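One file, protein.cif, is given below (mmCIF, N, CA and C atoms).
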```
data_structure
#
loop_
_atom_site.label_atom_id
_atom_site.label_comp_id
_atom_site.auth_asym_id
_atom_site.auth_seq_id
_atom_site.Cartn_x
_atom_site.Cartn_y
_atom_site.Cartn_z
N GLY A 1 -16.78 20.15 44.93
CA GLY A 1 -15.46 20.81 44.88
C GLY A 1 -15.45 22.01 43.93
N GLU A 2 -15.30 23.22 44.48
CA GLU A 2 -15.28 24.46 43.67
C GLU A 2 -14.22 24.45 42.57
N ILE A 3 -12.98 24.14 42.94
CA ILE A 3 -11.88 24.01 41.99
C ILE A 3 -12.24 23.02 40.87
N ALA A 4 -12.79 21.86 41.24
CA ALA A 4 -13.15 20.82 40.27
C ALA A 4 -14.21 21.30 39.27
N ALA A 5 -15.25 21.95 39.78
CA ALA A 5 -16.30 22.50 38.93
C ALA A 5 -15.72 23.58 37.99
N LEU A 6 -14.82 24.40 38.52
CA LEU A 6 -14.22 25.47 37.75
C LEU A 6 -13.34 24.90 36.62
N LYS A 7 -12.52 23.90 36.92
CA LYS A 7 -11.76 23.14 35.90
C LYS A 7 -12.68 22.50 34.84
N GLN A 8 -13.76 21.87 35.29
CA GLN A 8 -14.77 21.35 34.37
C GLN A 8 -15.24 22.44 33.42
N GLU A 9 -15.52 23.63 33.95
CA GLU A 9 -16.00 24.70 33.10
C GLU A 9 -14.96 25.06 32.06
N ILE A 10 -13.70 25.09 32.46
CA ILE A 10 -12.60 25.40 31.56
C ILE A 10 -12.43 24.32 30.51
N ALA A 11 -12.54 23.07 30.93
CA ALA A 11 -12.57 21.95 30.02
C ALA A 11 -13.59 22.19 28.91
N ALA A 12 -14.83 22.45 29.30
CA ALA A 12 -15.92 22.70 28.35
C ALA A 12 -15.62 23.84 27.37
N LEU A 13 -15.04 24.94 27.87
CA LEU A 13 -14.74 26.11 27.07
C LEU A 13 -13.65 25.83 26.04
N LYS A 14 -12.69 25.00 26.42
CA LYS A 14 -11.61 24.59 25.55
C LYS A 14 -12.17 23.77 24.40
N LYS A 15 -13.10 22.88 24.76
CA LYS A 15 -13.81 22.02 23.82
C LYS A 15 -14.57 22.87 22.80
N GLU A 16 -15.21 23.93 23.27
CA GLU A 16 -15.89 24.89 22.41
C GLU A 16 -14.89 25.67 21.58
N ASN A 17 -13.79 26.11 22.17
CA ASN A 17 -12.92 26.88 21.34
C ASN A 17 -12.29 26.04 20.25
N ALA A 18 -11.96 24.78 20.52
CA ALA A 18 -11.64 23.78 19.49
C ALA A 18 -12.69 23.68 18.37
N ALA A 19 -13.94 23.47 18.76
CA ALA A 19 -15.02 23.21 17.81
C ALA A 19 -15.22 24.40 16.87
N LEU A 20 -15.39 25.59 17.45
CA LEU A 20 -15.61 26.80 16.65
C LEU A 20 -14.37 27.08 15.79
N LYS A 21 -13.18 26.78 16.30
CA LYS A 21 -11.94 26.92 15.48
C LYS A 21 -11.89 25.95 14.30
N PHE A 22 -12.43 24.75 14.50
CA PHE A 22 -12.51 23.77 13.43
C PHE A 22 -13.50 24.27 12.42
N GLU A 23 -14.55 24.94 12.87
CA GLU A 23 -15.53 25.51 11.95
C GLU A 23 -14.91 26.55 11.03
N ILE A 24 -14.02 27.39 11.58
CA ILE A 24 -13.34 28.45 10.84
C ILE A 24 -12.51 27.89 9.69
N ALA A 25 -11.57 27.02 10.04
CA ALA A 25 -10.67 26.43 9.08
C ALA A 25 -11.47 25.76 7.96
N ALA A 26 -12.54 25.06 8.34
CA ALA A 26 -13.36 24.31 7.39
C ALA A 26 -14.06 25.26 6.40
N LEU A 27 -14.51 26.41 6.90
CA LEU A 27 -15.10 27.46 6.06
C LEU A 27 -14.06 28.06 5.09
N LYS A 28 -12.86 28.36 5.57
CA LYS A 28 -11.77 28.88 4.71
C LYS A 28 -11.35 27.89 3.63
N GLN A 29 -11.37 26.59 3.95
CA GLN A 29 -11.07 25.57 2.97
C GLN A 29 -12.21 25.49 1.97
N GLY A 30 -13.45 25.59 2.44
CA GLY A 30 -14.60 25.47 1.57
C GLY A 30 -14.77 26.63 0.61
N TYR A 31 -14.68 27.83 1.20
CA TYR A 31 -15.05 29.10 0.59
C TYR A 31 -13.88 29.74 -0.16
N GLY B 1 -4.70 33.78 44.68
CA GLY B 1 -6.01 33.11 44.86
C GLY B 1 -6.31 32.14 43.72
N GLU B 2 -6.35 30.84 44.02
CA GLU B 2 -6.63 29.80 43.01
C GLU B 2 -7.96 30.01 42.28
N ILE B 3 -9.03 30.20 43.04
CA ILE B 3 -10.35 30.49 42.47
C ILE B 3 -10.29 31.71 41.54
N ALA B 4 -9.62 32.78 41.98
CA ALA B 4 -9.51 34.02 41.19
C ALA B 4 -8.79 33.79 39.86
N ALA B 5 -7.67 33.08 39.90
CA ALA B 5 -6.92 32.75 38.70
C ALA B 5 -7.77 31.88 37.75
N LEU B 6 -8.51 30.94 38.33
CA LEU B 6 -9.34 30.04 37.55
C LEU B 6 -10.48 30.81 36.85
N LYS B 7 -11.15 31.70 37.58
CA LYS B 7 -12.14 32.63 36.99
C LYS B 7 -11.53 33.51 35.88
N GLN B 8 -10.35 34.06 36.13
CA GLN B 8 -9.62 34.79 35.10
C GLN B 8 -9.48 33.95 33.85
N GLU B 9 -9.10 32.68 34.02
CA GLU B 9 -8.90 31.84 32.86
C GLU B 9 -10.20 31.67 32.09
N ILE B 10 -11.30 31.51 32.82
CA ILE B 10 -12.62 31.38 32.22
C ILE B 10 -13.05 32.65 31.51
N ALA B 11 -12.78 33.78 32.14
CA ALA B 11 -12.97 35.07 31.51
C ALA B 11 -12.31 35.10 30.14
N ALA B 12 -11.02 34.81 30.11
CA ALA B 12 -10.24 34.79 28.86
C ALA B 12 -10.85 33.87 27.78
N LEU B 13 -11.29 32.68 28.18
CA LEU B 13 -11.84 31.70 27.26
C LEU B 13 -13.17 32.16 26.66
N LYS B 14 -13.96 32.86 27.47
CA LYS B 14 -15.23 33.41 27.04
C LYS B 14 -14.98 34.47 25.98
N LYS B 15 -13.97 35.30 26.24
CA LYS B 15 -13.52 36.35 25.35
C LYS B 15 -13.11 35.76 24.00
N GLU B 16 -12.39 34.64 24.04
CA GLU B 16 -12.01 33.92 22.84
C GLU B 16 -13.22 33.30 22.17
N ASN B 17 -14.13 32.70 22.94
CA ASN B 17 -15.22 32.11 22.25
C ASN B 17 -16.11 33.14 21.58
N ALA B 18 -16.30 34.31 22.19
CA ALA B 18 -16.87 35.49 21.53
C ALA B 18 -16.17 35.85 20.21
N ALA B 19 -14.85 36.02 20.27
CA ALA B 19 -14.08 36.50 19.13
C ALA B 19 -14.19 35.55 17.95
N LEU B 20 -13.89 34.27 18.19
CA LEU B 20 -13.95 33.27 17.12
C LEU B 20 -15.39 33.14 16.60
N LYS B 21 -16.38 33.28 17.47
CA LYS B 21 -17.80 33.28 17.03
C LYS B 21 -18.15 34.48 16.14
N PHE B 22 -17.54 35.63 16.43
CA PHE B 22 -17.73 36.81 15.62
C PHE B 22 -17.08 36.57 14.28
N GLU B 23 -15.96 35.85 14.27
CA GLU B 23 -15.30 35.52 13.02
C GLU B 23 -16.19 34.68 12.10
N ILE B 24 -16.91 33.72 12.69
CA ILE B 24 -17.80 32.82 11.96
C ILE B 24 -18.90 33.58 11.24
N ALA B 25 -19.67 34.32 12.01
CA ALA B 25 -20.79 35.08 11.49
C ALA B 25 -20.32 35.99 10.36
N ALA B 26 -19.16 36.63 10.57
CA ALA B 26 -18.62 37.59 9.61
C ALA B 26 -18.25 36.90 8.28
N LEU B 27 -17.72 35.68 8.38
CA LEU B 27 -17.42 34.85 7.21
C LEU B 27 -18.70 34.44 6.46
N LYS B 28 -19.74 34.00 7.19
CA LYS B 28 -21.04 33.65 6.57
C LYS B 28 -21.71 34.84 5.88
N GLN B 29 -21.57 36.03 6.46
CA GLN B 29 -22.09 37.23 5.84
C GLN B 29 -21.28 37.55 4.60
N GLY B 30 -19.96 37.39 4.68
CA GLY B 30 -19.10 37.74 3.57
C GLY B 30 -19.24 36.81 2.37
N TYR B 31 -19.19 35.51 2.70
CA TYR B 31 -19.05 34.41 1.75
C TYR B 31 -20.40 33.91 1.23
#
```
Please lay out the structure from this file as structure tokens.
Amino acid sequence: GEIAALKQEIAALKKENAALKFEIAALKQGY
Amino acid sequence: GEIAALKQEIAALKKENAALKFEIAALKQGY
């Protein structure tokens, strides 16, 4: 399913944008 | 077009993951 694969990709990207965003905040708290 | 809108969304997310990633590197260089 093309739509399903495309949603999966978006899922993954959201997960990454969460993770890298958590990295930011953690650096600002640390530094 | 559902596929087109979905690709657009992925485009946007990639753009964000780039931006927040640039923020990271820039903080590590700074700090």
Could you give me, as a tab-separated table, every chain B residue with an atom at most 8 Å from chain A, plus its closest atom pair and distance in Å to one decimal, counting only N, CA and C atoms, rows ordered by chain then number?
```
residue	atom	partner	partner_atom	distance
B:2	C	A:3	CA	7.2
B:3	CA	A:3	CA	6.7
B:6	C	A:6	C	6.6
B:7	N	A:6	CA	6.9
B:9	C	A:10	CA	6.7
B:10	CA	A:10	CA	6.0
B:13	CA	A:13	C	6.3
B:14	N	A:13	CA	6.8
B:16	C	A:17	CA	6.5
B:17	CA	A:17	CA	5.8
B:20	C	A:20	C	6.2
B:21	N	A:20	CA	6.6
B:23	C	A:24	CA	7.0
B:24	CA	A:24	CA	6.3
B:27	CA	A:27	CA	7.8
B:31	CA	A:31	CA	6.7
```
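As for atom C of residue 22 in chain A and atom C of residue 8 in chain B, they are spaced 23.9 Å apart.
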Q) Could you state the separation of atom C of residue 5 in chain A and CA of residue 15 in chain B in Å, given to one decimal place? A)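 Result for atom C of residue 5 in chain A versus CA of residue 15 in chain B: 18.1 Å, one decimal.
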As JSON, what would the box around range 7-15 of chain A look like: edges along x, y and z, 8 Å added on every side, centre and edge lengths in Å to one decimal?
```
{"center_x": -13.8, "center_y": 23.7, "center_z": 29.9, "size_x": 20.4, "size_y": 20.8, "size_z": 30.1}
```
